[PDB]
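Colleague: TSV, N, CA and C atoms, file run.tsv:
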```tsv
chain	number	residue	atom	x	y	z
E	1	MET	N	70.28	-148.76	80.24
E	1	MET	CA	68.91	-149.25	80.05
E	1	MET	C	68.64	-150.48	80.91
E	2	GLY	N	69.30	-151.58	80.58
E	2	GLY	CA	69.15	-152.82	81.34
E	2	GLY	C	68.26	-153.81	80.60
E	3	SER	N	67.39	-153.28	79.75
E	3	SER	CA	66.55	-154.12	78.90
E	3	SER	C	67.30	-154.57	77.65
E	4	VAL	N	66.74	-155.55	76.95
E	4	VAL	CA	67.34	-156.05	75.72
E	4	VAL	C	66.69	-155.44	74.49
E	5	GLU	N	67.51	-154.89	73.60
E	5	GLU	CA	67.02	-154.32	72.35
E	5	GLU	C	67.20	-155.30	71.20
E	6	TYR	N	68.27	-156.09	71.26
E	6	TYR	CA	68.59	-157.03	70.20
E	6	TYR	C	69.51	-158.14	70.70
E	7	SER	N	69.37	-159.33	70.12
E	7	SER	CA	70.25	-160.44	70.45
E	7	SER	C	70.39	-161.39	69.27
E	8	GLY	N	71.43	-162.22	69.30
E	8	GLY	CA	71.69	-163.17	68.23
E	8	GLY	C	73.04	-163.85	68.40
E	9	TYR	N	73.45	-164.61	67.40
E	9	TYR	CA	74.72	-165.32	67.44
E	9	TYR	C	75.75	-164.66	66.53
E	10	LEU	N	77.02	-164.70	66.95
E	10	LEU	CA	78.11	-164.22	66.12
E	10	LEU	C	79.26	-165.23	66.07
E	11	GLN	N	80.12	-165.09	65.07
E	11	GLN	CA	81.38	-165.82	65.04
E	11	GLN	C	82.49	-165.00	65.70
E	12	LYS	N	83.39	-165.69	66.39
E	12	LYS	CA	84.55	-165.05	67.00
E	12	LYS	C	85.70	-166.03	67.18
E	13	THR	N	86.88	-165.51	67.47
E	13	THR	CA	88.01	-166.34	67.87
E	13	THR	C	87.77	-166.98	69.24
E	14	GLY	N	88.18	-168.23	69.38
E	14	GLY	CA	87.98	-168.97	70.62
E	14	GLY	C	88.91	-170.17	70.70
E	15	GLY	N	88.52	-171.16	71.51
E	15	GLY	CA	89.42	-172.24	71.88
E	15	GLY	C	90.40	-171.78	72.96
E	16	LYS	N	91.28	-172.69	73.38
E	16	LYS	CA	92.17	-172.44	74.50
E	16	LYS	C	92.97	-171.16	74.30
E	17	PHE	N	93.43	-170.95	73.07
E	17	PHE	CA	94.35	-169.86	72.78
E	17	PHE	C	93.68	-168.76	71.97
E	18	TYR	N	92.35	-168.80	71.92
E	18	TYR	CA	91.58	-167.81	71.18
E	18	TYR	C	92.03	-167.73	69.73
E	19	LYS	N	92.05	-168.88	69.06
E	19	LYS	CA	92.51	-168.96	67.68
E	19	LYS	C	91.41	-169.47	66.76
E	20	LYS	N	90.54	-170.32	67.30
E	20	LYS	CA	89.59	-171.07	66.49
E	20	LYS	C	88.30	-170.28	66.29
E	21	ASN	N	87.62	-170.54	65.18
E	21	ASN	CA	86.34	-169.91	64.89
E	21	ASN	C	85.21	-170.61	65.63
E	22	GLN	N	84.64	-169.93	66.62
E	22	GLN	CA	83.57	-170.50	67.43
E	22	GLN	C	82.36	-169.57	67.47
E	23	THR	N	81.19	-170.15	67.70
E	23	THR	CA	79.95	-169.38	67.75
E	23	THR	C	79.49	-169.16	69.19
E	24	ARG	N	79.12	-167.93	69.50
E	24	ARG	CA	78.65	-167.59	70.84
E	24	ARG	C	77.40	-166.72	70.78
E	25	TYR	N	76.59	-166.79	71.84
E	25	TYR	CA	75.39	-165.97	71.94
E	25	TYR	C	75.73	-164.56	72.41
E	26	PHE	N	75.17	-163.57	71.73
E	26	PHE	CA	75.34	-162.17	72.12
E	26	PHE	C	74.00	-161.52	72.42
E	27	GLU	N	74.01	-160.57	73.35
E	27	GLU	CA	72.79	-159.88	73.75
E	27	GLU	C	73.05	-158.40	74.01
E	28	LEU	N	72.26	-157.54	73.37
E	28	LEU	CA	72.50	-156.11	73.40
E	28	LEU	C	71.57	-155.42	74.40
E	29	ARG	N	72.16	-154.75	75.39
E	29	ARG	CA	71.38	-154.04	76.39
E	29	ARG	C	71.79	-152.57	76.47
E	30	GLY	N	71.08	-151.73	75.72
E	30	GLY	CA	71.51	-150.36	75.49
E	30	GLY	C	72.87	-150.31	74.81
E	31	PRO	N	73.75	-149.45	75.31
E	31	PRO	CA	75.09	-149.30	74.75
E	31	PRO	C	76.01	-150.42	75.21
E	32	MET	N	75.50	-151.27	76.10
E	32	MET	CA	76.29	-152.36	76.66
E	32	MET	C	76.06	-153.66	75.90
E	33	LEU	N	77.14	-154.36	75.59
E	33	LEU	CA	77.05	-155.68	74.96
E	33	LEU	C	77.31	-156.79	75.97
E	34	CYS	N	76.43	-157.79	75.98
E	34	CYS	CA	76.68	-159.02	76.73
E	34	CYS	C	77.01	-160.17	75.79
E	35	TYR	N	77.85	-161.09	76.26
E	35	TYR	CA	78.06	-162.36	75.58
E	35	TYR	C	78.05	-163.52	76.56
E	36	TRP	N	77.67	-164.70	76.08
E	36	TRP	CA	77.48	-165.85	76.94
E	36	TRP	C	78.16	-167.09	76.37
E	37	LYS	N	78.67	-167.94	77.26
E	37	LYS	CA	79.09	-169.28	76.88
E	37	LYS	C	77.91	-170.11	76.38
E	38	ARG	N	76.74	-169.83	76.92
E	38	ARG	CA	75.53	-170.55	76.54
E	38	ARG	C	74.28	-169.71	76.80
E	39	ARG	N	73.16	-170.14	76.23
E	39	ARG	CA	71.90	-169.42	76.40
E	39	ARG	C	71.43	-169.45	77.85
E	40	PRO	N	71.00	-168.30	78.35
E	40	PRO	CA	70.52	-168.19	79.72
E	40	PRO	C	69.12	-168.79	79.86
E	41	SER	N	68.73	-169.09	81.09
E	41	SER	CA	67.37	-169.49	81.39
E	41	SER	C	66.45	-168.28	81.52
E	42	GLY	N	67.05	-167.10	81.55
E	42	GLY	CA	66.29	-165.86	81.67
E	42	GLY	C	67.21	-164.65	81.74
E	43	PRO	N	66.62	-163.46	81.70
E	43	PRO	CA	67.39	-162.22	81.69
E	43	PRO	C	68.08	-162.00	83.04
E	44	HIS	N	67.62	-162.71	84.06
E	44	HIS	CA	68.17	-162.57	85.40
E	44	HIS	C	69.52	-163.26	85.51
E	45	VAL	N	69.87	-164.04	84.50
E	45	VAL	CA	71.12	-164.80	84.51
E	45	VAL	C	72.30	-163.93	84.10
E	46	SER	N	73.38	-164.01	84.87
E	46	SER	CA	74.58	-163.24	84.59
E	46	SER	C	75.25	-163.72	83.31
E	47	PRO	N	75.72	-162.78	82.50
E	47	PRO	CA	76.47	-163.10	81.29
E	47	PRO	C	77.88	-163.56	81.63
E	48	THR	N	78.55	-164.17	80.66
E	48	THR	CA	79.96	-164.53	80.81
E	48	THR	C	80.84	-163.29	80.89
E	49	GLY	N	80.51	-162.28	80.09
E	49	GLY	CA	81.19	-161.00	80.16
E	49	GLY	C	80.48	-159.95	79.32
E	50	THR	N	80.95	-158.71	79.41
E	50	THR	CA	80.30	-157.60	78.72
E	50	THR	C	81.33	-156.73	77.99
E	51	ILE	N	80.87	-155.99	76.99
E	51	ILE	CA	81.70	-154.99	76.33
E	51	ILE	C	81.01	-153.63	76.31
E	52	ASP	N	81.74	-152.59	76.68
E	52	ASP	CA	81.22	-151.23	76.63
E	52	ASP	C	81.39	-150.63	75.24
E	53	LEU	N	80.29	-150.51	74.52
E	53	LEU	CA	80.33	-150.07	73.13
E	53	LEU	C	79.82	-148.64	72.98
E	54	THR	N	79.81	-147.91	74.09
E	54	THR	CA	79.32	-146.54	74.09
E	54	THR	C	80.10	-145.67	73.12
E	55	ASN	N	79.41	-145.12	72.13
E	55	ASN	CA	80.05	-144.28	71.12
E	55	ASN	C	81.21	-145.01	70.46
E	56	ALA	N	81.05	-146.32	70.27
E	56	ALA	CA	82.05	-147.12	69.57
E	56	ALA	C	81.96	-146.92	68.06
E	57	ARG	N	83.10	-147.03	67.39
E	57	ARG	CA	83.12	-147.02	65.93
E	57	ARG	C	83.21	-148.44	65.37
E	58	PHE	N	82.45	-148.69	64.30
E	58	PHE	CA	82.41	-150.01	63.69
E	58	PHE	C	82.80	-149.96	62.22
E	59	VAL	N	83.89	-150.64	61.88
E	59	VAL	CA	84.41	-150.62	60.52
E	59	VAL	C	84.50	-152.03	59.94
E	60	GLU	N	84.02	-152.19	58.72
E	60	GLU	CA	84.06	-153.49	58.05
E	60	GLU	C	85.48	-153.85	57.62
E	61	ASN	N	85.82	-155.12	57.76
E	61	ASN	CA	87.04	-155.65	57.16
E	61	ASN	C	86.95	-155.66	55.64
E	62	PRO	N	87.98	-155.14	54.98
E	62	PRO	CA	87.97	-154.99	53.53
E	62	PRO	C	87.96	-156.34	52.84
E	63	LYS	N	88.34	-157.38	53.57
E	63	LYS	CA	88.36	-158.74	53.03
E	63	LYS	C	87.11	-159.51	53.43
E	64	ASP	N	86.34	-158.94	54.35
E	64	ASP	CA	85.18	-159.63	54.91
E	64	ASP	C	84.19	-158.64	55.51
E	65	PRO	N	83.19	-158.26	54.71
E	65	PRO	CA	82.23	-157.24	55.13
E	65	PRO	C	81.51	-157.65	56.41
E	66	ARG	N	81.51	-158.95	56.69
E	66	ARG	CA	80.75	-159.49	57.82
E	66	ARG	C	81.55	-159.39	59.11
E	67	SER	N	82.84	-159.13	58.99
E	67	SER	CA	83.73	-159.05	60.14
E	67	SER	C	83.97	-157.61	60.56
E	68	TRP	N	83.32	-157.19	61.64
E	68	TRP	CA	83.42	-155.81	62.10
E	68	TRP	C	84.63	-155.61	63.00
E	69	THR	N	85.33	-154.50	62.80
E	69	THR	CA	86.33	-154.04	63.76
E	69	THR	C	85.77	-152.98	64.69
E	70	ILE	N	85.90	-153.20	65.99
E	70	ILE	CA	85.26	-152.35	66.98
E	70	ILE	C	86.29	-151.62	67.83
E	71	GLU	N	86.26	-150.29	67.77
E	71	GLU	CA	87.17	-149.47	68.55
E	71	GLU	C	86.49	-148.20	69.04
E	72	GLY	N	86.93	-147.70	70.19
E	72	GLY	CA	86.40	-146.46	70.74
E	72	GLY	C	87.07	-146.11	72.07
E	73	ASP	N	86.90	-144.87	72.50
E	73	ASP	CA	87.59	-144.37	73.69
E	73	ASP	C	87.15	-145.13	74.94
E	74	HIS	N	85.89	-145.56	74.95
E	74	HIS	CA	85.32	-146.22	76.11
E	74	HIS	C	85.53	-147.73	76.06
E	75	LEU	N	86.19	-148.19	75.01
E	75	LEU	CA	86.35	-149.62	74.77
E	75	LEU	C	87.62	-150.15	75.43
E	76	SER	N	87.48	-151.19	76.24
E	76	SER	CA	88.60	-151.74	76.99
E	76	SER	C	89.69	-152.26	76.06
E	77	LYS	N	89.27	-152.74	74.89
E	77	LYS	CA	90.22	-153.22	73.88
E	77	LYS	C	89.52	-153.46	72.55
E	78	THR	N	90.30	-153.49	71.47
E	78	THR	CA	89.77	-153.77	70.15
E	78	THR	C	89.12	-155.14	70.09
E	79	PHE	N	87.91	-155.20	69.56
E	79	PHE	CA	87.20	-156.46	69.41
E	79	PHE	C	86.88	-156.74	67.94
E	80	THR	N	86.67	-158.01	67.62
E	80	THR	CA	86.13	-158.38	66.31
E	80	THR	C	84.82	-159.14	66.45
E	81	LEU	N	83.81	-158.69	65.71
E	81	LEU	CA	82.49	-159.32	65.74
E	81	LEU	C	82.03	-159.70	64.34
E	82	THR	N	82.01	-161.00	64.06
E	82	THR	CA	81.75	-161.49	62.71
E	82	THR	C	80.33	-162.02	62.58
E	83	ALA	N	79.56	-161.43	61.67
E	83	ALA	CA	78.17	-161.80	61.48
E	83	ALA	C	78.05	-163.04	60.60
E	84	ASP	N	76.90	-163.71	60.68
E	84	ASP	CA	76.66	-164.91	59.89
E	84	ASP	C	75.99	-164.58	58.57
E	85	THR	N	75.17	-163.53	58.57
E	85	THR	CA	74.33	-163.22	57.42
E	85	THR	C	74.53	-161.77	56.98
E	86	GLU	N	74.09	-161.47	55.76
E	86	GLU	CA	74.17	-160.11	55.24
E	86	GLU	C	73.23	-159.18	55.98
E	87	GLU	N	72.06	-159.69	56.35
E	87	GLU	CA	71.08	-158.92	57.11
E	87	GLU	C	71.62	-158.58	58.50
E	88	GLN	N	72.27	-159.54	59.13
E	88	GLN	CA	72.88	-159.32	60.44
E	88	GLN	C	74.05	-158.36	60.35
E	89	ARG	N	74.83	-158.48	59.28
E	89	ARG	CA	75.97	-157.59	59.05
E	89	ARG	C	75.58	-156.14	59.27
E	90	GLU	N	74.49	-155.72	58.64
E	90	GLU	CA	74.03	-154.34	58.73
E	90	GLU	C	73.27	-154.10	60.03
E	91	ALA	N	72.33	-154.98	60.33
E	91	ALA	CA	71.44	-154.80	61.47
E	91	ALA	C	72.23	-154.73	62.77
E	92	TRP	N	73.26	-155.56	62.88
E	92	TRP	CA	74.06	-155.64	64.10
E	92	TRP	C	74.50	-154.26	64.57
E	93	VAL	N	75.19	-153.54	63.69
E	93	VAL	CA	75.75	-152.24	64.05
E	93	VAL	C	74.66	-151.19	64.18
E	94	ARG	N	73.66	-151.27	63.31
E	94	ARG	CA	72.55	-150.33	63.34
E	94	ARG	C	71.84	-150.35	64.69
E	95	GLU	N	71.57	-151.55	65.19
E	95	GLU	CA	70.89	-151.71	66.47
E	95	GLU	C	71.75	-151.17	67.61
E	96	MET	N	73.06	-151.28	67.46
E	96	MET	CA	73.99	-150.78	68.46
E	96	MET	C	74.21	-149.28	68.31
E	97	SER	N	73.59	-148.70	67.28
E	97	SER	CA	73.68	-147.26	67.04
E	97	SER	C	72.40	-146.55	67.48
E	98	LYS	N	71.29	-147.27	67.44
E	98	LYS	CA	70.01	-146.72	67.87
E	98	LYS	C	70.02	-146.40	69.36
E	99	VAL	N	70.77	-147.19	70.12
E	99	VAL	CA	70.76	-147.09	71.57
E	99	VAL	C	71.46	-145.82	72.05
E	100	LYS	N	70.97	-145.25	73.14
E	100	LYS	CA	71.57	-144.05	73.72
E	100	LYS	C	72.79	-144.40	74.56
E	101	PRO	N	73.75	-143.48	74.60
E	101	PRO	CA	74.92	-143.64	75.46
E	101	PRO	C	74.55	-143.45	76.93
E	102	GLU	N	75.36	-144.02	77.81
E	102	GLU	CA	75.19	-143.83	79.25
E	102	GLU	C	76.36	-143.06	79.85
E	103	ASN	N	77.51	-143.16	79.20
E	103	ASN	CA	78.73	-142.53	79.71
E	103	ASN	C	78.74	-141.03	79.41
E	104	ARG	N	79.41	-140.27	80.27
E	104	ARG	CA	79.56	-138.83	80.06
E	104	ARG	C	80.48	-138.54	78.89
E	105	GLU	N	80.18	-137.48	78.15
E	105	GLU	CA	81.01	-137.05	77.03
E	105	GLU	C	82.41	-136.68	77.50
E	106	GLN	N	83.41	-137.05	76.71
E	106	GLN	CA	84.80	-136.77	77.04
E	106	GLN	C	85.33	-135.58	76.25
E	107	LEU	N	86.39	-134.96	76.76
E	107	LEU	CA	87.04	-133.85	76.07
E	107	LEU	C	88.07	-134.34	75.06
E	108	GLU	N	87.85	-134.01	73.79
E	108	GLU	CA	88.76	-134.42	72.73
E	108	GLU	C	89.88	-133.41	72.54
E	109	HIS	N	89.74	-132.25	73.18
E	109	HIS	CA	90.71	-131.17	73.03
E	109	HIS	C	90.73	-130.64	71.60
```
Using structure tokens, write down the structure from this file.

Modeller:
Amino acid sequence: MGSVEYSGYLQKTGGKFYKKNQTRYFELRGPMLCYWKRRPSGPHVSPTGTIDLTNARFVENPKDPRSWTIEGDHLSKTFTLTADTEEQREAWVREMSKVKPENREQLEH
């Protein structure tokens, strides 16, 4: 797509060794997720990095409904995305489900 469908803040691991709980800006562009060290001056600004969430599965942590576990065939690695609110908890994944995939379907055999 390239356009933004949804954006907001999430909690994640961070600090030098990726251990500490830090807040970062996230921005959803179709099946692609962007994240930023800081808020951009505009959509033309490059993100810090992206995650391919095409046909990704999202499962709640049994100890923390707000902490999503993200895995899928197109995913470079397992991610954790922790919401701040109950509304975000649900909306986050829902918005990432409304979007259409861009990648070609794979053979599961």

Colleague: Could you tell me how far CA of residue 7 (chain E) lies from CA of residue 105 (chain E), in Å and to one decimal?

Modeller: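 Atom-to-atom, CA of residue 7 (chain E) to CA of residue 105 (chain E), that is 26.6 Å.
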
Colleague: Would you work out the distance separating CA of residue 67 (chain E) from CA of residue 88 (chain E), expressed in Å to one decimal?

Modeller: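 Separation between CA of residue 67 (chain E) and CA of residue 88 (chain E): 10.9 Å.
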
Colleague: Record the distance separating CA of residue 33 (chain E) and atom N of residue 5 (chain E), expressed in Å with one decimal.

Modeller: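 We find that CA of residue 33 (chain E) and atom N of residue 5 (chain E) lie 9.7 Å from each other.
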
Colleague: What's the 10 Å shell around residue 74 (chain E), counting only C-alpha atoms, without same-chain residues fewer than 5 positions away, as a list in words?

Modeller: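 Neighbouring residues, sequence-local ones excluded: residues 51, 52, 53, 54, 55, 56, 103 and 106 of chain E.
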
Colleague: Write out as a list in words each polymer residue whose atoms come within 8 Å of residue 2 (chain E), counting only N, CA and C atoms; drop sequence neighbours fewer than 4 positions from it.

Modeller: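 After dropping sequence-adjacent residues, the list is residues 28, 29, 30, 31 and 32 of chain E.
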
Colleague: Got a sec: who's within 7 Å of residue 48 (chain E), counting only N, CA and C atoms, leaving out chain neighbours fewer than 4 positions off, as an MDAnalysis selection string?

Modeller: chainID E and resid 34:37

Colleague: Run DSSP on the backbone of this structure and report the residues of region 4-105 of chain E it assigns to strand (DSSP E), as a count of residues only.

Modeller: 45

Colleague: Enumerate the residues of region 12-102 of chain E with a DSSP assignment of alpha helix (DSSP H), computed from the backbone, and present them as an mmCIF file with N, CA and C atoms, in the coordinates of the input.

Modeller:
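Full text of selection_13.cif as output:
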```
data_model
loop_
_atom_site.group_PDB
_atom_site.id
_atom_site.type_symbol
_atom_site.label_atom_id
_atom_site.label_comp_id
_atom_site.auth_asym_id
_atom_site.auth_seq_id
_atom_site.Cartn_x
_atom_site.Cartn_y
_atom_site.Cartn_z
ATOM 1 N N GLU E 86 74.090 -161.470 55.760
ATOM 2 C CA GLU E 86 74.170 -160.110 55.240
ATOM 3 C C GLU E 86 73.230 -159.180 55.980
ATOM 4 N N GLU E 87 72.060 -159.690 56.350
ATOM 5 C CA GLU E 87 71.080 -158.920 57.110
ATOM 6 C C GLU E 87 71.620 -158.580 58.500
ATOM 7 N N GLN E 88 72.270 -159.540 59.130
ATOM 8 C CA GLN E 88 72.880 -159.320 60.440
ATOM 9 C C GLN E 88 74.050 -158.360 60.350
ATOM 10 N N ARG E 89 74.830 -158.480 59.280
ATOM 11 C CA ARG E 89 75.970 -157.590 59.050
ATOM 12 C C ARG E 89 75.580 -156.140 59.270
ATOM 13 N N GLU E 90 74.490 -155.720 58.640
ATOM 14 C CA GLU E 90 74.030 -154.340 58.730
ATOM 15 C C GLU E 90 73.270 -154.100 60.030
ATOM 16 N N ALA E 91 72.330 -154.980 60.330
ATOM 17 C CA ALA E 91 71.440 -154.800 61.470
ATOM 18 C C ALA E 91 72.230 -154.730 62.770
ATOM 19 N N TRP E 92 73.260 -155.560 62.880
ATOM 20 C CA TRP E 92 74.060 -155.640 64.100
ATOM 21 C C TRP E 92 74.500 -154.260 64.570
ATOM 22 N N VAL E 93 75.190 -153.540 63.690
ATOM 23 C CA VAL E 93 75.750 -152.240 64.050
ATOM 24 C C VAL E 93 74.660 -151.190 64.180
ATOM 25 N N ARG E 94 73.660 -151.270 63.310
ATOM 26 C CA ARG E 94 72.550 -150.330 63.340
ATOM 27 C C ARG E 94 71.840 -150.350 64.690
ATOM 28 N N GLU E 95 71.570 -151.550 65.190
ATOM 29 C CA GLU E 95 70.890 -151.710 66.470
ATOM 30 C C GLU E 95 71.750 -151.170 67.610
ATOM 31 N N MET E 96 73.060 -151.280 67.460
ATOM 32 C CA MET E 96 73.990 -150.780 68.460
ATOM 33 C C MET E 96 74.210 -149.280 68.310
ATOM 34 N N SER E 97 73.590 -148.700 67.280
ATOM 35 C CA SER E 97 73.680 -147.260 67.040
ATOM 36 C C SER E 97 72.400 -146.550 67.480
ATOM 37 N N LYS E 98 71.290 -147.270 67.440
ATOM 38 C CA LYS E 98 70.010 -146.720 67.870
ATOM 39 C C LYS E 98 70.020 -146.400 69.360
#
```

Colleague: Identify, on the basis of all atoms listed in the file, every residue whose closest approach to residue 89 (chain E) does not exceed 8 Å; exclude the query and any residue fewer than 3 positions from it along the same chain; express the result as a PyMOL selection string.

Modeller: chain E and resi 65-68+82-86+92-94

Colleague: Excluding residue 24 (chain E) and its own-chain neighbours fewer than 5 positions away, which residues fall within 10 Å of it when counting only C-alpha atoms? Please give them as a list in words.

Modeller: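 Neighbouring residues, sequence-local ones excluded: residues 8, 9, 10, 11, 12, 13, 14, 35, 36, 37, 38 and 39 of chain E.
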
Colleague: Which of these, E:42, E:58, E:104, E:71, has the shortest distance to residue 90 (chain E) once you count only C-alpha atoms?

Modeller: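 Residue with the minimum atom-to-atom distance to residue 90 (chain E): E:58.
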